[PDB]
Structure formats: C-alpha cells, structure tokens
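Below is one structure, written out as structure tokens, with a few remarks after it.
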Amino acid sequence: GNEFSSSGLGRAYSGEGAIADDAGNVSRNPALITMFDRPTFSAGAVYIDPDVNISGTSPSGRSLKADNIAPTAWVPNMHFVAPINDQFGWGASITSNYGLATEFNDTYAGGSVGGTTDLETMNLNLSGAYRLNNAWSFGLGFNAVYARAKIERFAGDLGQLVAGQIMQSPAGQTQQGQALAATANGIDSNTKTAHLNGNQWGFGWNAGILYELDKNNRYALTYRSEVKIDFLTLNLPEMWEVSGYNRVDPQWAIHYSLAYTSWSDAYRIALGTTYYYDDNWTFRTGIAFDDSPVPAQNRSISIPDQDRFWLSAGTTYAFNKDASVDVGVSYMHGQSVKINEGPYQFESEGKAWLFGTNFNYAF
C-alpha cells in the first residue's frame with residue numbers, strides 16, 4: 001500500500017498489480033500495461049493527516065510529552081499508460097513510494113532523539129511490458145528516485161543527566177568537579193547537536209509477471225528492487241509482492257495481496273473487494289494490516305512505524321466511458337507501543353486519516 005492512487009487508497013491497496021482499471025497500477029506492476037487497449041492517463045494526489053502522540057518521562061524529571069509530532073502531507077501521482085501495438089506497451093508515472101516526517105520542539109527533554117526528521121522521496125518510472133500469450137505477460141521498468149532529507153537533533157536534557165550522574169560519583173563533593181557537575185546542566189535544551197541536510201538521486205528497476213486464467217481472473221508477481229541513495233547513504237527496501245483479482249460476478253470482484261519488503265524484515269497483508277454498481281457508479285472497500293519492520297529493541301520515536309491496520313472505503317464516478325474520478329478514504333490505526341531509545345523510555349501511539357482524489361482520462 002503506497003499512496004500511488006486514489007483508487008488504491010479506496011481498496012487499502014489490496015490486489016494492486018493484479019488489477020488494472022486505471023493507469024494507476026502499471027506503476028506497481030509493469031506487466032499490467034498489457035491490460036489497456038487505448039492509452040490511459042490518471043492524475044491526482046492524496047492528503048495524509050497523521051496524529052502521532054508521544055508520551056512519557058525522562059530519568060531527569062523533564063517531561064517527554066510530544067503531542068501531534070507528525071505533520072500532514074500531500075502526495076501526488078502522474079500515471080500514463082499507452083499501447084505501442086499488440087505485444088508491446090509502455091507507460092510512465094511520477095509517484096512517491098516513500099515519505100517520512102515527524103517533528104519535535106527545540107526544547108524537548110529528549111531532543112537527543114527527536115529534533116526534526118523530514119525525508120522526502122519522489123519516483124520517476126518509465127517502463128515497458130511484453131505480452132506473449134492470452135495468459136502470460138511480463139513487464140519491466142526503470143526508476144529514478146529523488147530523495148530530500150533533513151535531520152536535526154538537539155541536546156534535549158543530556159547535560160542534565162551527565163550532571164546528576166556526576167553528582168553521584170565520588171567526584172561529587174569535589175568542587176574541581178562542580179564545574180563538570182553544572183556546566184552540563186548549563187547546556188541549553190536546544191543547542192543544535194546534529195545538522196545534516198542534503199539532496200540526491202537514486203536509481204533502480206522493478207519487474208512484473210502477470211498471468212491470467214482469463215478476462216475475469218488474474219495473479220501477479222511483482223518485484224521492486226533496492227535503491228541506494230548516496231548523500232551518508234540511504235536505502236529503499238526490496239519489495240516482493242504477490243496478488244490476485246477475481247470478478248466473481250458481473251458486478252463483484254475480489255483482490256488480495258501479500259507483500260514482503262526486506263529492509264536489509266516485514267510484510268503486508270491486504271484484502272479488499274470492488275463492486276461495479278453500473279456503467280456510472282462503482283464502490284470499493286478494503287481492509288489491511290502489515291507487521292512492522294522494526295525489531296522490538298530498535299524502535300524509534302523519530303520514525304513512527306509499528307504494526308498497523310488500514311481500513312478503507314472508496315468510490316469511482318465515470319463521466320463517460322473515457323473520463324472518471326475516484327474518491328479515496330482510508331483510516332489507519334496503529335496500536336500503541338513503548339520505545340526504549342537512548343536513556344529515555346517512551347510510548348508511541350498514532351493513527352492517521354487518508355483522503356485522495358484522482359482524475360481518469362482515456363484517449
């Protein structure tokens with residue numbers, strides 16, 4: 001599930017890669033290109049409104065509350081698919097496969113692990129798909145990712161711990177130590193202690209292997225590579241996804257995906273259903289989960305990621321066999337978990353609401 005389409009949001013991004021009803025999906029499964037007759041164009045974006053709230057106490061008395069540390073964000077998509085002839089087709093899309101941003105105040109007791117953390121990514125993908133049989137089709141594409149990162153950490157209340165520490169050791173009474181005692185408590189809870197900002201482009205491929213028992217049933221195996229971004233170096237994780245779509249009735253369908261990302265450790269489970277009311281109206285709903293990459297001990301307050309549920313419901317309105325708009329609503333709720341970072345002990349619990357719109361035009 002990755003903000004690449006309003007349609008997607010609507011079905012908890014379940015099945016994508018095995019469902020082609022809008023240029024949207026080639027982005028996720030090259031091979032789907034071969035499922036479009038005319039050349040299709042889809043555009044739009046999604047608006048995420050998180051609600052990450054940190055709570056807890058420092059071993060320095062200073063509080064560790066950080067209400068609403070996650071900022072809203074807009075995520076746009078550009079989707080173009082067009083058939084070259086009868087066995088070859090190409091397509092391109094501008095999408096944001098990944099994006100993270102949490103932000104604390106200058107004076108956070110624990111700003112040693114929580115200044116500001118913005119990391120924006122943009123994906124430029126150009127690709128072609130091949131068809132070799134009413135059933136088998138293979139797609140392959142190339143990606144250029146633009147990564148913008150900002151990292152800020154402050155002294156929080158370290159000096160206050162370094163202090164109270166020295167004011168416990170035999171070097172305590174000592175006034176030759178008193179300096180060390182304070183002078184640490186002296187350090188201002190906002191003294192920038194980490195500033196590394198920069199931009200750079202990453203590259204990588206991704207392939208598809210759609211197979212379809214017929215006009216109403218298909219399964220795919222997609223693969224998204226690894227992307228090394230050299231600033232320090234950043235790594236976007238490999239993503240092996242398996243999905244299936246079935247049109248059980250003239251008016252009903254079923255789509256499911258089981259994704260597996262390997263951050264040099266996690267998977268995503270989704271299932272949703274579509275319902276084609278008539279020529280004009282369509283309605284979709286999707287449920288989904290996705291175990292968290294982070295292993296118990298190494299969690300982080302700066303990276304609000306943990307086992308979470310997706311609950312989605314969306315609707316598409318086709319103007320006239322050529323144009324259509326989709327509306328996407330998804331509500332993400334990740335249960336609460338305590339983090340044990342640096343010398344502090346926090347508790348994280350944040351939800352989020354997604355709203356997205358896309359327009360669909362075919363030639």
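As shown in the structure tokens, the chain order sets the letters A, B, ...; within each chain, residues go from 1, and ligands are also counted from 1 in the order they appear.
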Do you have, as CSV, the list of residues of stretch 187-249 of chain A lying at most 12 Å from stretch 141-162 of chain A, each with its nearest atom pair and that distance in Å to one decimal, counting only C-alpha atoms and ordered by chain then number?
residue,atom,partner,partner_atom,distance
A:187,CA,A:159,CA,5.8
A:188,CA,A:155,CA,7.3
A:189,CA,A:156,CA,4.6
A:190,CA,A:154,CA,5.2
A:191,CA,A:155,CA,5.5
A:192,CA,A:154,CA,4.5
A:193,CA,A:154,CA,4.8
A:194,CA,A:153,CA,4.9
A:195,CA,A:152,CA,5.1
A:196,CA,A:151,CA,5.5
A:197,CA,A:150,CA,4.6
A:198,CA,A:149,CA,5.8
A:199,CA,A:148,CA,4.7
A:200,CA,A:147,CA,5.5
A:201,CA,A:146,CA,4.5
A:202,CA,A:145,CA,4.8
A:203,CA,A:144,CA,4.6
A:204,CA,A:143,CA,5.1
A:205,CA,A:142,CA,4.4
A:206,CA,A:141,CA,5.6
A:207,CA,A:141,CA,6.3
A:208,CA,A:141,CA,8.8
A:222,CA,A:141,CA,11.2
A:223,CA,A:141,CA,10.4
A:224,CA,A:141,CA,9.5
A:225,CA,A:143,CA,9.4
A:226,CA,A:143,CA,10.4
A:227,CA,A:145,CA,8.0
A:228,CA,A:145,CA,9.6
A:229,CA,A:147,CA,7.4
A:230,CA,A:147,CA,9.6
A:231,CA,A:149,CA,9.0
A:232,CA,A:149,CA,11.0
A:233,CA,A:147,CA,10.9
A:234,CA,A:147,CA,9.0
A:235,CA,A:147,CA,10.4
A:236,CA,A:145,CA,9.6
Please save N, CA, C and O atoms of the selected residues as a short mmCIF file (atom, residue, chain, number, x, y, z; two decimals), in the first residue's frame.
data_model
loop_
_atom_site.label_atom_id
_atom_site.label_comp_id
_atom_site.auth_asym_id
_atom_site.auth_seq_id
_atom_site.Cartn_x
_atom_site.Cartn_y
_atom_site.Cartn_z
N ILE A 187 24.17 23.49 29.68
CA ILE A 187 23.88 23.29 28.26
C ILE A 187 22.39 23.46 27.98
O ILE A 187 21.55 22.75 28.53
N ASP A 188 22.10 24.44 27.13
CA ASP A 188 20.74 24.78 26.76
C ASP A 188 20.02 23.70 25.97
O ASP A 188 20.50 23.22 24.94
N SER A 189 18.84 23.34 26.48
CA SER A 189 17.99 22.32 25.89
C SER A 189 17.48 22.71 24.52
O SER A 189 16.28 22.81 24.31
N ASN A 190 18.40 22.94 23.60
CA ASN A 190 18.05 23.30 22.23
C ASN A 190 19.33 23.54 21.47
O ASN A 190 19.31 23.94 20.31
N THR A 191 20.45 23.33 22.14
CA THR A 191 21.72 23.51 21.47
C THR A 191 21.71 22.46 20.36
O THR A 191 21.70 21.26 20.63
N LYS A 192 21.67 22.92 19.11
CA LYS A 192 21.66 22.02 17.97
C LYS A 192 22.86 21.09 18.15
O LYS A 192 23.97 21.54 18.45
N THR A 193 22.64 19.80 17.99
CA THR A 193 23.70 18.83 18.17
C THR A 193 23.78 17.83 17.03
O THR A 193 24.34 16.74 17.16
N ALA A 194 23.22 18.21 15.89
CA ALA A 194 23.21 17.35 14.73
C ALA A 194 22.45 18.03 13.61
O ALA A 194 21.24 18.25 13.72
N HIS A 195 23.16 18.38 12.54
CA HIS A 195 22.56 19.01 11.37
C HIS A 195 23.22 18.48 10.12
O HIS A 195 24.37 18.81 9.81
N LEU A 196 22.48 17.65 9.40
CA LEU A 196 22.94 17.06 8.16
C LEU A 196 21.73 17.08 7.23
O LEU A 196 20.73 16.38 7.45
N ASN A 197 21.84 17.92 6.21
CA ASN A 197 20.78 18.11 5.23
C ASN A 197 21.41 18.00 3.85
O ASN A 197 22.55 18.42 3.63
N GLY A 198 20.66 17.41 2.92
CA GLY A 198 21.14 17.22 1.56
C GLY A 198 20.12 16.56 0.63
O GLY A 198 19.11 16.01 1.08
N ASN A 199 20.40 16.64 -0.67
CA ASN A 199 19.54 16.07 -1.70
C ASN A 199 20.36 15.20 -2.64
O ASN A 199 21.55 15.44 -2.83
N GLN A 200 19.74 14.16 -3.20
CA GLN A 200 20.42 13.27 -4.15
C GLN A 200 19.47 12.28 -4.82
O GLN A 200 18.42 11.94 -4.27
N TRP A 201 19.85 11.84 -6.02
CA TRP A 201 19.03 10.91 -6.78
C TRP A 201 19.48 9.46 -6.72
O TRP A 201 20.67 9.16 -6.82
N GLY A 202 18.50 8.58 -6.61
CA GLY A 202 18.78 7.16 -6.56
C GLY A 202 18.19 6.48 -7.77
O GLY A 202 17.27 7.00 -8.41
N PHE A 203 18.70 5.29 -8.08
CA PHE A 203 18.22 4.54 -9.22
C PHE A 203 17.97 3.08 -8.93
O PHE A 203 18.55 2.51 -7.99
N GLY A 204 17.11 2.47 -9.75
CA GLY A 204 16.77 1.07 -9.60
C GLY A 204 15.65 0.60 -10.53
O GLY A 204 14.91 1.41 -11.10
N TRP A 205 15.51 -0.71 -10.68
CA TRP A 205 14.49 -1.26 -11.56
C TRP A 205 13.32 -1.86 -10.81
O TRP A 205 13.12 -1.58 -9.64
N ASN A 206 12.52 -2.67 -11.51
CA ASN A 206 11.34 -3.35 -10.97
C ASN A 206 10.64 -4.09 -12.11
O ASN A 206 10.48 -3.55 -13.20
N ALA A 207 10.21 -5.33 -11.85
CA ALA A 207 9.58 -6.15 -12.87
C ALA A 207 8.23 -6.73 -12.47
O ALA A 207 7.90 -6.78 -11.28
N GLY A 208 7.48 -7.16 -13.48
CA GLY A 208 6.16 -7.76 -13.29
C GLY A 208 6.07 -9.08 -14.04
O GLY A 208 6.86 -9.32 -14.95
N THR A 222 5.20 -9.30 -8.71
CA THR A 222 5.89 -8.06 -8.99
C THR A 222 7.12 -8.09 -8.14
O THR A 222 7.18 -8.80 -7.14
N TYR A 223 8.10 -7.30 -8.54
CA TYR A 223 9.32 -7.16 -7.79
C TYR A 223 9.82 -5.74 -7.98
O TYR A 223 9.91 -5.25 -9.11
N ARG A 224 10.14 -5.09 -6.86
CA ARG A 224 10.67 -3.74 -6.84
C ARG A 224 12.04 -3.93 -6.22
O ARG A 224 12.17 -4.58 -5.19
N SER A 225 13.06 -3.38 -6.85
CA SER A 225 14.45 -3.50 -6.42
C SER A 225 14.81 -2.76 -5.16
O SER A 225 13.97 -2.39 -4.36
N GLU A 226 16.11 -2.54 -5.03
CA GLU A 226 16.71 -1.84 -3.92
C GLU A 226 17.26 -0.53 -4.49
O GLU A 226 17.77 -0.50 -5.62
N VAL A 227 17.16 0.56 -3.74
CA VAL A 227 17.69 1.83 -4.23
C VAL A 227 18.63 2.47 -3.20
O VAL A 227 18.20 2.87 -2.12
N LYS A 228 19.92 2.57 -3.56
CA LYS A 228 20.93 3.15 -2.68
C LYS A 228 21.11 4.63 -2.98
O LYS A 228 21.54 4.99 -4.08
N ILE A 229 20.80 5.47 -2.01
CA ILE A 229 20.93 6.91 -2.16
C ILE A 229 22.13 7.45 -1.38
O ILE A 229 22.14 7.44 -0.15
N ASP A 230 23.13 7.92 -2.11
CA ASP A 230 24.37 8.42 -1.53
C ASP A 230 24.38 9.93 -1.26
O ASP A 230 24.42 10.74 -2.19
N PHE A 231 24.36 10.30 0.03
CA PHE A 231 24.38 11.70 0.44
C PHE A 231 25.83 12.19 0.63
O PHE A 231 26.38 12.93 -0.20
N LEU A 232 27.10 9.85 3.92
CA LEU A 232 25.98 9.01 4.35
C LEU A 232 25.22 8.42 3.14
O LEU A 232 25.19 9.01 2.05
N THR A 233 24.62 7.24 3.35
CA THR A 233 23.85 6.55 2.31
C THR A 233 22.49 6.09 2.88
O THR A 233 22.38 5.72 4.05
N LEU A 234 21.46 6.16 2.04
CA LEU A 234 20.10 5.75 2.41
C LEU A 234 19.69 4.58 1.51
O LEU A 234 20.11 4.51 0.36
N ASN A 235 18.87 3.68 2.04
CA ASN A 235 18.42 2.51 1.27
C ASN A 235 16.92 2.22 1.26
O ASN A 235 16.33 1.94 2.30
N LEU A 236 16.31 2.29 0.07
CA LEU A 236 14.89 1.98 -0.04
C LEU A 236 14.93 0.47 -0.28
O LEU A 236 15.67 -0.01 -1.13
#
Counting only C-alpha atoms, what are the residues of stretch 253-307 of chain A within 6 Å of stretch 3-17 of chain A, and for each of them which pair of atoms is the nearest and at what distance in Å, to one decimal? Sort the table by chain and rising number, as JSON lines.
{"residue": "A:255", "atom": "CA", "partner": "A:15", "partner_atom": "CA", "distance": 4.4}
{"residue": "A:256", "atom": "CA", "partner": "A:15", "partner_atom": "CA", "distance": 4.4}
{"residue": "A:257", "atom": "CA", "partner": "A:15", "partner_atom": "CA", "distance": 4.9}
{"residue": "A:270", "atom": "CA", "partner": "A:14", "partner_atom": "CA", "distance": 5.0}
{"residue": "A:271", "atom": "CA", "partner": "A:14", "partner_atom": "CA", "distance": 5.2}
{"residue": "A:272", "atom": "CA", "partner": "A:11", "partner_atom": "CA", "distance": 5.5}
{"residue": "A:284", "atom": "CA", "partner": "A:11", "partner_atom": "CA", "distance": 5.9}
{"residue": "A:285", "atom": "CA", "partner": "A:11", "partner_atom": "CA", "distance": 5.0}
{"residue": "A:286", "atom": "CA", "partner": "A:11", "partner_atom": "CA", "distance": 4.0}
{"residue": "A:287", "atom": "CA", "partner": "A:12", "partner_atom": "CA", "distance": 5.8}
Could you check the closest approach to residue A:311 for each of A:171, A:327, A:140, A:288 and tell me which residue wins, using only C-alpha atoms?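 Under the stated criterion, the closest residue is A:288.
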Please report as JSON lines every residue of stretch 236-305 of chain A lying within 10 Å of stretch 93-113 of chain A, along with the nearest atom pair and their distance in Å (one decimal), using only C-alpha atoms.
{"residue": "A:236", "atom": "CA", "partner": "A:98", "partner_atom": "CA", "distance": 8.2}
{"residue": "A:300", "atom": "CA", "partner": "A:113", "partner_atom": "CA", "distance": 8.2}
{"residue": "A:301", "atom": "CA", "partner": "A:113", "partner_atom": "CA", "distance": 7.5}
{"residue": "A:302", "atom": "CA", "partner": "A:102", "partner_atom": "CA", "distance": 6.1}
{"residue": "A:303", "atom": "CA", "partner": "A:102", "partner_atom": "CA", "distance": 7.2}
{"residue": "A:304", "atom": "CA", "partner": "A:102", "partner_atom": "CA", "distance": 7.7}
{"residue": "A:305", "atom": "CA", "partner": "A:100", "partner_atom": "CA", "distance": 9.7}
Just how far from atom CA of residue A:263 is atom CA of residue A:218, in Å to one decimal? 28.4 Å
Please report the interatomic distance between atom CA of residue A:19 and atom CA of residue A:237 in Å with one decimal. 23.3 Å
Identify all residues of stretch 72-304 of chain A in strand (DSSP E or B) (DSSP on the backbone) and supply them as a ChimeraX atom specification. /A:73-83,88-95,99-103,116-131,136-154,192-208,211-214,217-224,227-230,233-236,238-249,252-262,266-275,281-290
Output file for the residues above (C-alpha atoms, as a compact mmCIF listing (two decimals), in the first residue's frame):
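Output below, filename out02.txt:
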# COMPACT_ATOMS: atom_id res chain seq x y z
CA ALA A 73 1.38 15.85 3.80
CA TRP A 74 0.15 15.88 0.21
CA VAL A 75 1.19 13.07 -2.13
CA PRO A 76 0.52 13.49 -5.92
CA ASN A 77 0.61 10.93 -8.74
CA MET A 78 1.07 11.01 -12.52
CA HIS A 79 0.02 7.99 -14.49
CA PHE A 80 0.41 7.39 -18.20
CA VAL A 81 -0.03 4.10 -19.96
CA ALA A 82 -0.24 3.66 -23.70
CA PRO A 83 -0.16 0.67 -26.05
CA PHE A 88 4.30 -4.17 -26.57
CA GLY A 89 3.17 -1.27 -24.43
CA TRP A 90 4.88 1.42 -22.34
CA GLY A 91 3.98 3.76 -19.52
CA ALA A 92 5.32 6.30 -17.07
CA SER A 93 4.32 7.67 -13.71
CA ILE A 94 5.55 10.16 -11.14
CA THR A 95 4.86 8.84 -7.65
CA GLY A 99 7.88 9.56 2.69
CA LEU A 100 8.58 10.21 6.39
CA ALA A 101 8.35 13.25 8.65
CA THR A 102 7.98 13.77 12.41
CA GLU A 103 8.81 16.94 14.28
CA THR A 116 13.10 17.28 13.20
CA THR A 117 13.13 14.42 10.69
CA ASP A 118 11.96 15.05 7.12
CA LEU A 119 12.77 12.65 4.32
CA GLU A 120 11.01 13.16 1.02
CA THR A 121 11.22 10.81 -1.92
CA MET A 122 9.93 11.09 -5.49
CA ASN A 123 9.79 8.29 -8.03
CA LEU A 124 10.23 8.69 -11.80
CA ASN A 125 9.47 5.47 -13.59
CA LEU A 126 9.47 4.80 -17.29
CA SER A 127 8.52 1.32 -18.40
CA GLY A 128 7.50 -1.25 -20.96
CA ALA A 129 5.61 -4.51 -20.75
CA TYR A 130 5.60 -7.55 -23.07
CA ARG A 131 2.75 -9.96 -23.86
CA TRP A 136 1.35 -14.60 -19.89
CA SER A 137 2.76 -11.03 -19.81
CA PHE A 138 5.99 -9.64 -18.40
CA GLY A 139 6.70 -6.03 -17.53
CA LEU A 140 9.94 -4.27 -16.67
CA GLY A 141 10.73 -0.65 -15.82
CA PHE A 142 13.44 1.71 -14.59
CA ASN A 143 13.28 4.19 -11.72
CA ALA A 144 14.97 7.44 -10.73
CA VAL A 145 14.22 8.41 -7.16
CA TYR A 146 14.78 11.94 -5.84
CA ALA A 147 15.46 11.93 -2.12
CA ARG A 148 15.34 15.06 0.04
CA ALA A 149 16.45 14.57 3.68
CA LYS A 150 16.64 16.81 6.74
CA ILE A 151 17.93 15.71 10.12
CA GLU A 152 18.04 17.68 13.35
CA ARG A 153 18.85 16.60 16.88
CA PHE A 154 19.28 18.78 19.94
CA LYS A 192 21.66 22.02 17.97
CA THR A 193 23.70 18.83 18.17
CA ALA A 194 23.21 17.35 14.73
CA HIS A 195 22.56 19.01 11.37
CA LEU A 196 22.94 17.06 8.16
CA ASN A 197 20.78 18.11 5.23
CA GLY A 198 21.14 17.22 1.56
CA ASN A 199 19.54 16.07 -1.70
CA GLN A 200 20.42 13.27 -4.15
CA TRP A 201 19.03 10.91 -6.78
CA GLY A 202 18.78 7.16 -6.56
CA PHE A 203 18.22 4.54 -9.22
CA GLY A 204 16.77 1.07 -9.60
CA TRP A 205 14.49 -1.26 -11.56
CA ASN A 206 11.34 -3.35 -10.97
CA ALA A 207 9.58 -6.15 -12.87
CA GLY A 208 6.16 -7.76 -13.29
CA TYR A 211 -0.63 -14.31 -15.53
CA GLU A 212 -4.35 -14.51 -16.24
CA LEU A 213 -6.59 -17.54 -16.47
CA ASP A 214 -9.00 -15.23 -18.28
CA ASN A 217 -9.19 -13.76 -13.10
CA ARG A 218 -5.50 -12.97 -12.73
CA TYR A 219 -2.49 -13.29 -10.48
CA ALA A 220 0.81 -11.46 -10.47
CA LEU A 221 4.30 -11.50 -9.10
CA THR A 222 5.89 -8.06 -8.99
CA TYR A 223 9.32 -7.16 -7.79
CA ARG A 224 10.67 -3.74 -6.84
CA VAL A 227 17.69 1.83 -4.23
CA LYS A 228 20.93 3.15 -2.68
CA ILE A 229 20.93 6.91 -2.16
CA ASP A 230 24.37 8.42 -1.53
CA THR A 233 23.85 6.55 2.31
CA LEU A 234 20.10 5.75 2.41
CA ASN A 235 18.42 2.51 1.27
CA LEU A 236 14.89 1.98 -0.04
CA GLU A 238 13.29 -4.58 -1.89
CA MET A 239 9.59 -5.32 -2.31
CA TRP A 240 8.30 -8.70 -3.44
CA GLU A 241 4.53 -8.59 -3.97
CA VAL A 242 2.02 -11.30 -4.85
CA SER A 243 -1.60 -10.52 -5.68
CA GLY A 244 -4.81 -11.80 -7.22
CA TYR A 245 -8.07 -10.31 -8.57
CA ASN A 246 -11.26 -12.25 -9.38
CA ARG A 247 -14.53 -10.98 -10.91
CA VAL A 248 -16.81 -13.47 -9.12
CA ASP A 249 -19.97 -11.88 -10.56
CA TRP A 252 -18.46 -8.08 -7.96
CA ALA A 253 -14.73 -8.65 -7.57
CA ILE A 254 -12.09 -9.78 -5.08
CA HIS A 255 -8.44 -8.66 -4.77
CA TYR A 256 -5.73 -9.66 -2.38
CA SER A 257 -2.04 -9.00 -1.93
CA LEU A 258 0.76 -10.33 0.27
CA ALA A 259 3.74 -8.06 0.09
CA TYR A 260 7.14 -8.56 1.54
CA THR A 261 9.70 -5.78 1.92
CA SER A 262 13.21 -6.57 3.14
CA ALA A 266 8.45 -7.04 7.27
CA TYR A 267 5.34 -7.94 5.25
CA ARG A 268 1.97 -6.53 4.23
CA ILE A 269 -1.36 -8.34 4.17
CA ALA A 270 -4.32 -6.86 2.39
CA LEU A 271 -7.72 -7.96 1.07
CA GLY A 272 -10.49 -5.86 -0.40
CA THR A 273 -13.46 -6.04 -2.69
CA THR A 274 -14.79 -3.96 -5.55
CA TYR A 275 -18.41 -3.61 -6.60
CA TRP A 281 -21.10 4.14 -10.33
CA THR A 282 -18.56 1.89 -8.65
CA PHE A 283 -17.79 1.33 -4.97
CA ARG A 284 -14.88 -0.21 -3.14
CA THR A 285 -13.80 -1.22 0.32
CA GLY A 286 -10.60 -2.68 1.68
CA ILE A 287 -9.09 -3.94 4.92
CA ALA A 288 -5.36 -4.46 5.56
CA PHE A 289 -2.54 -4.99 8.06
CA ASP A 290 1.26 -5.01 7.88
Close residues, residue A:165 itself excluded, 12 Å, only C-alpha atoms, min 2 positions apart in chain, as JSON, numbers by chain: {"A": [59, 60, 158, 159, 160, 161, 162, 163, 167, 168, 169, 170, 171, 172, 177, 178, 180, 181, 182, 184, 185]}
Written selection (C-alpha atoms) as a CSV table (one decimal), in the first residue's frame:
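Contents of out-v3.csv, freshly written:
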chain,number,residue,atom,x,y,z
A,59,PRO,CA,15.1,10.0,34.1
A,60,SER,CA,15.7,13.7,34.5
A,158,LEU,CA,21.6,15.4,28.3
A,159,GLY,CA,23.7,17.9,30.3
A,160,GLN,CA,21.0,17.4,33.0
A,161,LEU,CA,21.8,13.6,33.0
A,162,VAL,CA,25.5,14.0,32.6
A,163,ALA,CA,25.2,16.3,35.7
A,167,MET,CA,26.5,14.4,41.2
A,168,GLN,CA,26.5,10.8,42.4
A,169,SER,CA,30.1,9.6,41.7
A,170,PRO,CA,32.9,10.1,44.3
A,171,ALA,CA,33.9,13.1,42.1
A,172,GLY,CA,30.8,14.6,43.6
A,177,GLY,CA,34.1,18.6,39.7
A,178,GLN,CA,31.4,21.1,40.4
A,180,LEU,CA,31.6,19.4,35.3
A,181,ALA,CA,28.5,18.9,37.6
A,182,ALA,CA,26.8,22.0,36.3
A,184,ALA,CA,26.3,20.3,31.8
A,185,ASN,CA,23.0,21.4,33.4
Among stretch 140-223 of chain A, which ones does DSSP place in alpha helix (DSSP H), written as a PyMOL selection string? chain A and resi 159-166+175-181
What does the file look like for those residues with C-alpha atoms, as a CSV table (one decimal), in the first residue's frame?
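Listed below is the output, selection-v3.csv:
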chain,number,residue,atom,x,y,z
A,159,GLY,CA,23.7,17.9,30.3
A,160,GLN,CA,21.0,17.4,33.0
A,161,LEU,CA,21.8,13.6,33.0
A,162,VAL,CA,25.5,14.0,32.6
A,163,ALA,CA,25.2,16.3,35.7
A,164,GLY,CA,23.0,14.3,38.0
A,165,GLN,CA,25.3,11.4,37.1
A,166,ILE,CA,28.5,13.3,38.2
A,175,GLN,CA,34.5,21.4,43.5
A,176,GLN,CA,37.0,20.7,40.8
A,177,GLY,CA,34.1,18.6,39.7
A,178,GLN,CA,31.4,21.1,40.4
A,179,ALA,CA,32.2,22.7,37.1
A,180,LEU,CA,31.6,19.4,35.3
A,181,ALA,CA,28.5,18.9,37.6
Closest of A:251, A:42, A:312, A:25 to residue A:330, counting only C-alpha atoms, is A:312
Atom CA of residue A:317 to atom CA of residue A:26: how many Å, to one decimal?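 Distance between the two atoms: 20.8 Å.
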Within 10 Å of residue A:296 using only C-alpha atoms, minus same-chain residues under 5 positions, as a ChimeraX atom specification: /A:306,337-340
If you keep N, CA and C atoms, can you produce a file of those selected residues as a short mmCIF file (atom, residue, chain, number, x, y, z; two decimals), in the first residue's frame?
data_model
loop_
_atom_site.label_atom_id
_atom_site.label_comp_id
_atom_site.auth_asym_id
_atom_site.auth_seq_id
_atom_site.Cartn_x
_atom_site.Cartn_y
_atom_site.Cartn_z
N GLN A 306 4.95 1.07 13.17
CA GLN A 306 4.67 -0.08 14.01
C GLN A 306 3.43 -0.79 13.48
N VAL A 337 2.77 1.29 21.17
CA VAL A 337 3.93 0.54 21.65
C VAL A 337 5.00 1.43 22.26
N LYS A 338 5.62 0.94 23.33
CA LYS A 338 6.65 1.65 24.06
C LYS A 338 8.02 1.48 23.43
N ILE A 339 8.74 2.58 23.28
CA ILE A 339 10.08 2.55 22.70
C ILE A 339 11.14 2.71 23.79
N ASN A 340 12.30 2.10 23.61
CA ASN A 340 13.34 2.21 24.61
C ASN A 340 14.61 2.78 23.99
#
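Take the candidates A:87, A:183, A:348, A:53 and check each one against residue A:71 using only C-alpha atoms; the shortest distance goes to A:53.
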Find the spatial neighbours of residue A:331, counting only C-alpha atoms, within a cut-off of 8 Å - ignore same-chain residues fewer than 4 positions away - and output them as a PDB file with N, CA and C atoms, in the first residue's frame.
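Output below, filename around-v6.pdb:
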ATOM      1  N   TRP A 310      -5.246  -0.941   8.255  1.00  0.00           N
ATOM      2  CA  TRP A 310      -5.732   0.021   7.281  1.00  0.00           C
ATOM      3  C   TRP A 310      -7.196  -0.322   7.144  1.00  0.00           C
ATOM      4  N   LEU A 311      -8.051   0.678   7.055  1.00  0.00           N
ATOM      5  CA  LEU A 311      -9.472   0.437   6.863  1.00  0.00           C
ATOM      6  C   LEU A 311      -9.854   1.454   5.795  1.00  0.00           C
ATOM      7  N   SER A 312     -10.305   0.949   4.659  1.00  0.00           N
ATOM      8  CA  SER A 312     -10.612   1.812   3.551  1.00  0.00           C
ATOM      9  C   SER A 312     -11.971   1.573   2.910  1.00  0.00           C
ATOM     10  N   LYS A 351      -2.452   7.460  14.918  1.00  0.00           N
ATOM     11  CA  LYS A 351      -3.350   6.996  13.876  1.00  0.00           C
ATOM     12  C   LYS A 351      -3.189   7.937  12.694  1.00  0.00           C
ATOM     13  N   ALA A 352      -4.085   7.856  11.717  1.00  0.00           N
ATOM     14  CA  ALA A 352      -3.988   8.720  10.553  1.00  0.00           C
ATOM     15  C   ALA A 352      -5.190   8.574   9.659  1.00  0.00           C
ATOM     16  N   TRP A 353      -5.542   9.651   8.970  1.00  0.00           N
ATOM     17  CA  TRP A 353      -6.665   9.609   8.042  1.00  0.00           C
ATOM     18  C   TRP A 353      -6.201  10.028   6.653  1.00  0.00           C
ATOM     19  N   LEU A 354      -6.551   9.219   5.664  1.00  0.00           N
ATOM     20  CA  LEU A 354      -6.183   9.493   4.298  1.00  0.00           C
ATOM     21  C   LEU A 354      -7.392   9.834   3.421  1.00  0.00           C
TER      22      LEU A 354
END
